[PDB]
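Visitor:
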Ligand SMILES: CC(C)=CCC/C(C)=C/CC/C(C)=C\CC/C(C)=C/CC/C(C)=C/CC/C(C)=C/CC/C(C)=C/CC/C(C)=C/CC/C(C)=C/CC1=C(C)C(=O)c2ccccc2C1=O
Ligand SMILES: CC(C)=CCC/C(C)=C\CC/C(C)=C\CC/C(C)=C/CC/C(C)=C/CC/C(C)=C\CC/C(C)=C/CC/C(C)=C\CC/C(C)=C/CC1=C(C)C(=O)c2ccccc2C1=O
Ligand code: HEC
Ligand code: HEC
Ligand code: HEM
């Protein structure tokens, strides 16, 4: 029943037309056109919850999603029927794919991540701050298809990596590196957040120095 | 490390031969040092502090 | 003192070169990557010597405690007024020690 | 005086001696870049890094390999460098990859 | 190309001596970096050299 996007253009009309237009034309006040975009953009924007957005400012944050029970497919197909944007990857069942996109190679994936991705996020995918509000979020709770569609559609202020400058193996290997870097142990004790020497200096000053000064107060008399 | 070791030696020598300062109190003057002798007590406290810091 | 001991231990495994090699070690997410010889020696200390990661972590924590204790000691000396007539030179020696400790820690973690 | 001068005289180097061969003679290191032409009209491609070492660590680029919101880092290629098979070309490429004035952003 | 080449029995007279090394043709000449590493490890082995009399 693929000839059914009457749902789709049933939810868009009651949740989007106030900021994108009835014909997906980009109300000149708030929203962009949404014509050249495809199913991948809608999937990434709605499944992560950044969509339907309230006031709208420097960065729409990630929230709880509103739509599922196969209506993300409905809106995605309805938007794809009005343009030629990229599409979401599918497995031989028709559902959205996963662990087969784990670039069996983590060295190349990590080198590509450090060259292309680590500048804004982190060494290991923690957050990073951009200018005047905007920031780069954490990469821990995003699944594989969300990572692929994120670097494929190029969301707000994030560059757009096509399938010609970043082939599909490159994307799969980057996905594998991200999912491994977010799920590995810390083989040295409790890591203090993923950042550099700021949590380390704080932990020194607030644990080791208070222990030392407390023992100095206990041993030596006060006068 | 060599320069730091030499300077630390000189620092501790100067502190040893110019006796330590002290806070004003009951029996304290500008001409005496009130405290505990090295012999039983001070070496003991210093070594215990060393072990606690290493811990 | 702890810094001296742990550094003497560490010098038995470190190789300070800048020539390029390919890793080919035990840490898998870095196999095939081209790196210097110092970075490879540090990785070998971390992953292939029984108790090496523990020792270099002690070294770094001891460096941090060294710096913090020096700063607290300077604060005491300044606020209680223990730098007056007989002890200005001892104050000067302490200041030099502080500068040297800063730069030594910098050269160390680089 | 003589002893101290002889002690501290082996470390001192001149930063402006011409040692880098270019198309107008030889220049100082601090003014050449690796993007500098060598024989008056040589072709220097904008190669991109692939992260793999079978044959290409650097490959040429076409204008259509990028969309209107993309960025990419590129390096000078000089096809006379070849892929990283032999030791000679491997040295050339590893010296291209480590040059503090080589990288370029393509917008 | 060759740091190591095969030998024939006629490449020596009745009063000659020669040092030889294990070849293993799967090592190849010293062109690529892989074969260059293999050969430089053959050349430095404390039990490899042999006298041919
Ligand atoms: C007291 C002294 C500084 C006076 C010097 C006299 C002055 C006229 C000389 C000229 C100096 C010049 C003109 C300006 C100095 C400013 C600066 C550029 C100096 C560079 C180095 C300087 C001399 C070091 C001195 C700094 C000072 C003495 C630190 C002592 C702090 C106090 C006494 C600690 C008491 C106990 C402590 C508070 C336990 C609680 C822990 C708290 C939270 C510590 C706060 C804290 C600190 C202090 C961190 O450094 C830090 C670093 C990274 C992450 C977090 C933290 C952090 O939370
Ligand atoms: C004799 C022998 C060495 C020859 C070797 C023979 C040879 C053939 C063998 C060759 C083998 C070689 C290669 C190696 C041999 C040795 C090697 C294994 C050593 C390498 C590193 C090794 C692991 C080190 C082990 C040693 C370690 C376990 C002991 C460390 C404990 C020591 C150093 C603590 C001393 C503390 C300090 C230096 C003393 C200072 C004086 C004391 C602390 C007073 C300080 C002090 C003063 C001075 C005040 O004025 C004051 C005023 C007011 C309040 C407080 C104080 C105060 O605390
Ligand atoms: C006016 C409030 C508002 C509502 C309601 C809203 N959007 Fe958006 N939308 C925006 C804004 C503003 C952007 C610009 C992207 C940004 O800056 O983050 C955007 C961006 C998008 C994009 C990506 C555009 C691009 O070029 O990549 C898609 C896809 C999208 N919206 C679809 C939807 C969907 C699906 C819904 C749910 C029916 C929805 N919009 C509801 C405001 C809204
Ligand atoms: C600083 C520029 C920048 C670069 C370069 C960049 N990112 Fe992003 N990234 C962002 C920003 C800004 C967002 C937030 C977009 C939004 O919220 O709509 C984001 C969002 C994401 C998200 C969504 C995170 C989540 O929890 O939903 C993922 C996944 C992601 N990026 C992956 C990547 C990967 C992989 C690369 C390397 C190919 C990369 N990014 C490079 C800035 C960047
Ligand atoms: C005296 C003050 C000293 C300070 C403040 C200091 C500080 C440091 C720090 C912070 C590191 C980084 C370690 C890491 O991140 O793993 C380091 C590395 C190192 N230190 Fe020190 N250090 C000191 C003395 C010494 C001494 C005396 C020695 C040897 C005799 C030494 C030997 C080394 C070596 C070999 C390394 C590199 C090994 C490695 O990085 O794993 N240090 N130093």
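Chains as they are written, first to last, in the entry's author numbering: chain D, 58 to 280; chain C, 221 to 275; chain Z, 56 to 165; chain A, 216 to 322; chain F, 270 to 322.
C-beta: ideal position from N, C-alpha, C; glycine also.
#1: Nearest to residue 268/D by alpha carbon, out of 103/Z, 120/Z, 135/Z?
#2: Do you know offhand how far residue 241/C's Cα is from residue 256/C's?
#3: Show which residues of chain F have a CB atom less than 8 Å away from the CB atom of residue 267/A.
#4: Is residue 97/Z near ligand 5, with its Cβ less than 6 Å from a heavy atom?
#5: Between the beta-carbon of residue 184/D and the beta-carbon of residue 235/D, is there less than 7 Å?
#6: For residue 75/Z, go through chain A and note every residue whose CB falls closer than 8 Å to its CB, in chain order.
#7: For residue 288/A, which residues in chain D fall below 9 Å Cβ to Cβ?
#8: Short of 7 Å Cβ to Cβ, which residues in the region 233 to 255 of chain A face chain F?
#9: Measuring only the C-alpha atoms, how far is residue 250/A from residue 227/D?
#10: With a threshold of 6 Å (Cβ to nearest heavy atom), would residue 105/Z be considered close to ligand 5?
#11: Just to confirm my understanding: we take residue 65/D, look at its own chain, exclude 5 residues before and 5 after, and list those with CB closer than 7 Å. What are they?
#12: Indicate the three-state DSSP secondary structure (helix, strand or coil) for residue 134/Z in the structure shown.
#13: Could you tell me which chain A residues have their CB closer than 7 Å to the CB of residue 302/F, listed as they occur along the chain?
#14: For the alpha helix (DSSP H) that contains residue 63/D, what are its first and last residues?
#15: For residue 118/D and residue 107/D, what's the separation of their Cα atoms in angstroms?
#16: Against residue 242/C, what residues of chain Z qualify as contacts under a CB-to-CB distance less than 9 Å, listed in chain order?
#17: If you measure from each CB to the nearest heavy atom of ligand 2 and keep those under 7 Å, what residues do you get, in chain order?
#18: Is the shortest distance between the beta-carbon of residue 129/Z and the beta-carbons of chain C less than 7 Å?
#19: Short check: CB of residue 58/Z to CB of residue 117/Z, under 7 Å?
#20: Does any CB atom of chain D fall closer than 7 Å to the CB of residue 107/Z?
#21: Measure from the C-beta of residue 164/D to each C-beta in chain Z and report whether the shortest distance is under 7 Å.
#22: Between the region 264 to 274 of chain C and the region 79 to 86 of chain Z, can you find at least three pairs of beta-carbon atoms closer than 8 Å?
#23: What is the residue span of the alpha helix (DSSP H) that residue 36/Z lies within?
#24: What did DSSP end up calling residue 185/D once you bin it into helix, strand or coil?
#25: What ranges does the beta strand (DSSP E) occupy inside the region 216 to 242 of chain A, keeping only unbroken runs of at least 3 residues that lie completely in it?
#26: What residues come near ligand 1, if near means a beta carbon less than 5 Å from any of its heavy atoms?
#27: Tell me the DSSP bridge mates of residue 321/A?
#28: Is the CB-CB distance between residue 95/D and residue 155/D below 7 Å?
#29: Once you ignore the five residues that flank residue 209/D on each side, which residues in its own chain have a CB closer than 6 Å to its CB?
#30: Given 6 Å as the limit, tell me if residue 254/D has its C-beta closer than that to any heavy atom belonging to ligand 5.
#31: Give me the Cα-Cα distance between residue 221/D and residue 161/D, rounded to the nearest whole angstrom.
#32: Taking only runs of the alpha helix (DSSP H) that begin and end inside the region 87 to 158 of chain D, which ones reach a length of at least 4 residues, in chain order?
#33: Provide the residue(s) that pair with residue 162/Z in DSSP beta bridges, ordered along the chain.
#34: Within the same chain, show all residues whose beta-carbon is closer than 8 Å to that of residue 211/D, passing over the 5 residues directly before and after it, in chain order.
#35: Considering only residues of the same chain and omitting the five flanking positions on each side of residue 89/D, which have a CB-CB separation below 8 Å?
#36: Would residue 126/Z pass as an interface residue toward chain D - the criterion being a Cβ-Cβ separation below 7 Å?
Guide: Taking the definition as stated:
#1: In the first chain, residue 268/D corresponds to position 211, counting from 1. Cα-wise, what sits closest to residue 268/D is 120/Z.
#2: Here residue 241/C refers to the residue found at position 21 when the second chain is read from its first residue. Here residue 256/C refers to the residue found at position 36 when the second chain is read from its first residue. Rounded to the nearest angstrom, the two C-alpha atoms are 14 Å apart.
#3: Position 52 of the fourth chain holds residue 267/A. Near residue 267/A there are no residues of chain F at all, since even the closest Cβ is about 15 Å away, more than 8 Å.
#4: In the third chain, counting from the first residue as 1, residue 97/Z sits at position 42. Answer for residue 97/Z: yes, Cβ within range of ligand 5.
#5: Looking up residue 184/D in the first chain gives position 127. Looking up residue 235/D in the first chain gives position 178. Going by C-beta atoms, residue 184/D is not nearer than 7 Å to residue 235/D.
#6: Stepping through the third chain from its first residue, residue 75/Z is reached at position 20. Contact of residue 75/Z with chain A by beta-carbon distance below 8 Å involves 309.
#7: Along the fourth chain, one-based indexing puts residue 288/A at 73. Chain-ordered, the chain D residues with CB closer than 9 Å to the CB of residue 288/A read 172, 173.
#8: Of all residues in the region 233 to 255 of chain A, none is placed with a Cβ closer than 7 Å to any Cβ belonging to chain F.
#9: As a first step, residue 250/A is located in the fourth chain; it is residue number 35 there, counting from the start. As a first step, residue 227/D is located in the first chain; it is residue number 170 there, counting from the start. Going by the C-alpha atoms only, they are around 28 Å apart.
#10: The residue given as residue 105/Z occupies position 50 in the third chain. Result no, Cβ not under 6 Å from ligand 5.
#11: Working through the first chain from its first residue, we reach residue 65/D at position 8. Correct list, in chain order: 131, 132, 134, 135.
#12: Numbered from 1 along the third chain, position 79 holds the residue referred to as residue 134/Z. Residue 134/Z falls in the helix class under three-state DSSP.
#13: Here the question's residue 302/F lines up with position 33 in the fifth chain. Near residue 302/F (Cβ distances below 7 Å), the residues of chain A are 302, 305.
#14: The residue given as residue 63/D occupies position 6 in the first chain. That residue, residue 63/D, is in no alpha helix (DSSP H); it is neither H nor E in DSSP.
#15: Against the first chain, residue 118/D aligns to sequence position 61. Against the first chain, residue 107/D aligns to sequence position 50. When rounded, the separation of the alpha-carbon atoms in residue 118/D and residue 107/D is 6 Å.
#16: Counting from 1 along the second chain, the entry for residue 242/C is found at position 22. Contacts between residue 242/C and chain Z, judged by CB atoms closer than 9 Å, are missing: the closest CB pair is about 10 Å apart.
#17: Residue selection by CB proximity (closer than 7 Å to any heavy atom of ligand 2) returns 232/C, 235/C, 236/C, 240/C, 266/C, 56/Z, 60/Z, 63/Z in chain order.
#18: In the third chain, counting from the first residue as 1, residue 129/Z sits at position 74. With 7 Å as the cut-off, residue 129/Z does not count as an interface residue toward chain C.
#19: As a first step, residue 58/Z must be located in the third chain, where it is residue number 3. As a first step, residue 117/Z must be located in the third chain, where it is residue number 62. For residue 58/Z and residue 117/Z, yes; Cβs fall inside 7 Å.
#20: Here residue 107/Z refers to the residue found at position 52 when the third chain is read from its first residue. Under the Cβ distance rule, residue 107/Z does not count among the residues neighbouring chain D, no pair being separated by less than 7 Å.
#21: On the first chain, residue 164/D is found 107 positions in, with the first residue counted as 1. Chain Z contact via Cβ: present.
#22: Taking 8 Å as the limit for Cβ pairs, the verdict is that the region 264 to 274 of chain C does not touch the region 79 to 86 of chain Z.
#23: Within the shown structure, residues of chain Z are numbered from 56 to 165, placing residue 36/Z beyond reach of any answer.
#24: On the first chain, residue 185/D is found 128 positions in, with the first residue counted as 1. Three-state DSSP puts residue 185/D in a strand.
#25: 235 to 237, 240 to 242, all fully within the region 216 to 242 of chain A.
#26: Put simply, the residues with a CB less than 5 Å from any heavy atom of ligand 1 are 258/D, 259/D, 262/D, 126/Z, 130/Z, 133/Z, in chain order.
#27: Your numbering for residue 321/A matches position 106 in the fourth chain. Beta-bridge pairing links residue 321/A to 287/A.
#28: Here the question's residue 95/D lines up with position 38 in the first chain. Here the question's residue 155/D lines up with position 98 in the first chain. Pairing residue 95/D with residue 155/D gives a Cβ-Cβ distance that is not under 7 Å.
#29: Counting from one through the first chain, the residue named residue 209/D turns up at place 152. Same-chain partners within the cutoff: 97, 143.
#30: Start at 1 with the first residue of the first chain, and residue 254/D comes out as number 197. No - ligand 5 has no heavy atom lying nearer than 6 Å to the Cβ of residue 254/D.
#31: For the purposes of this step, residue 221/D is taken as residue 164 along the first chain, with counting starting at 1. For the purposes of this step, residue 161/D is taken as residue 104 along the first chain, with counting starting at 1. Near 21 Å, if we compare the C-alpha coordinates of residue 161/D and residue 221/D.
#32: You should have 96 to 104, 128 to 137.
#33: By 1-based counting over the third chain, the position of residue 162/Z is 107. Per DSSP, residue 162/Z has no beta bridge partner at all.
#34: Locating residue 211/D in the first chain gives position 154, where the first residue counts as 1. Once the five neighbours on either side are set aside, the close Cβ partners of residue 211/D are 217, 218.
#35: What you label residue 89/D is simply residue 32 of the first chain in a count that begins at 1. Closer than 8 Å at Cβ, skipping near neighbours: 77, 83.
#36: To locate residue 126/Z, count along the third chain from 1; it is residue 71. Look at residue 126/Z: its C-beta is not under 7 Å from any C-beta on chain D.
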